[PDB]
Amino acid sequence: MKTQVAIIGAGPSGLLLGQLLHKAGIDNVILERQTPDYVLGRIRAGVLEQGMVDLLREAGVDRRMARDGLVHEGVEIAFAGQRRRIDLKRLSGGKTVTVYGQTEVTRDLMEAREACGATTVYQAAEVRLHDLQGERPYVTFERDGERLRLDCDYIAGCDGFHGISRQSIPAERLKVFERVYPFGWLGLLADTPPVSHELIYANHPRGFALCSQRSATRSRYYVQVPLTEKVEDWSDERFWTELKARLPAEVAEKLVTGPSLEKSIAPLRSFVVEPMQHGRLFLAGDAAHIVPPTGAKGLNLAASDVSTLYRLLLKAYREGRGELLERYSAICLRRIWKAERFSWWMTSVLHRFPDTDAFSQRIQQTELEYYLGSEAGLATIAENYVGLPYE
């Protein structure tokens, strides 16, 4: 085998780049370690900004989304006492966000692909990247116990956080910026009516609480917990009381509980890599950067990454401007940091930090009461929450 752009990872990022390119007439090849249902089982994401939406539209993958995802013109911040709302739609000067699961997106790209007959090597083991700065790089992998070769012009490093991509870059060439938070998020999935027609982010003494959704009958809920917690310990019951123990009084009494489909804990990490390239290797999505799930920016960053990588592969491909690919990481990085800054900010103000003296606690509160109180303040949550312009 030989192809044009061999992609590693059959996740959101990978499957997006993969589709987009197929349409542009640039042959691509997806290499994935696990099987398609395994990948299909991951819950993750739920909010996509307009950009990821239009992109979806652009790979012709928006039939379902346009039909089942929900449009949201607001959000809520419930901080010790009250509950303020943010008119994203008005303060963003017209924008919004969509609630449509990572899973759904994944199932949707996966359908498109199979249908177009684009290649996808599932369960491809021992993937390896070769001759990275040459005129012809390659990928070696195993099918059963058969080690094959895929010749390509470029490689799309889309294998996520624990992917092999980034690793393939000479450590000395890469500079790392990472922050690790002393807490996690315990996420319970319930086949029950969600507490609100909008999202409610709750900063409460006992920690953060999040009320989110999947449908009129599908809710997603979260509670911040020490890294030391084990879900084995969090039974439906415990969770339900802890949630209610964390929400606004009039919310909790409106709350419909039930057995959980899935329960998992995700640890909050802040991570960035610069540069995001190496030779003929371009890493995108999880493999280049991570964001605490708080500003729901994670899957939104991949889209921004892929939208970029794609449009540059096009020029080199149909317009022969191979040269622009060098600016890949200069472009992506502008977006990333402002996205990293917003989620950091988010996180710091809605979370229960252990070992914070009274000033800092007073300052946490002032942030909330400053920002949800002033229109200019408001406008900042809004231009970011909905997503900064693409460039």
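Start at 1 with the first residue shown and count on from there.
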Could you check which stretch, 59-67 or 326-334, carries the larger mean CA temperature factor in the entry?
59-67
With respect to the recorded C-alpha B factors, which stretch has the higher mean value, 38-46 or 342-350?
38-46
Please pick out which of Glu253, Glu104, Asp286, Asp233 has the largest Cα B-factor as recorded in the entry.
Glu253
Tell me, please, which of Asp153, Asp305, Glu178, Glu126 has the highest C-alpha B factor according to the deposited entry?
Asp305
Among the chain's modelled residues, which third holds the C-alpha B-factor of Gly134?
middle
Ordered by C-alpha B-factor within the chain, which third holds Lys244? Give me lowest, middle or highest, please.
lowest
Per the entry's values, where does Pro205 land by CA temperature factor relative to the rest of its chain, in the lowest, middle or highest third?
lowest
Which third of the chain does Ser13 land in by C-alpha B-factor: lowest, middle or highest?
middle
Please place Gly373 in the lowest, middle or highest third of its chain according to the CA B-factor in the PDB entry.
lowest
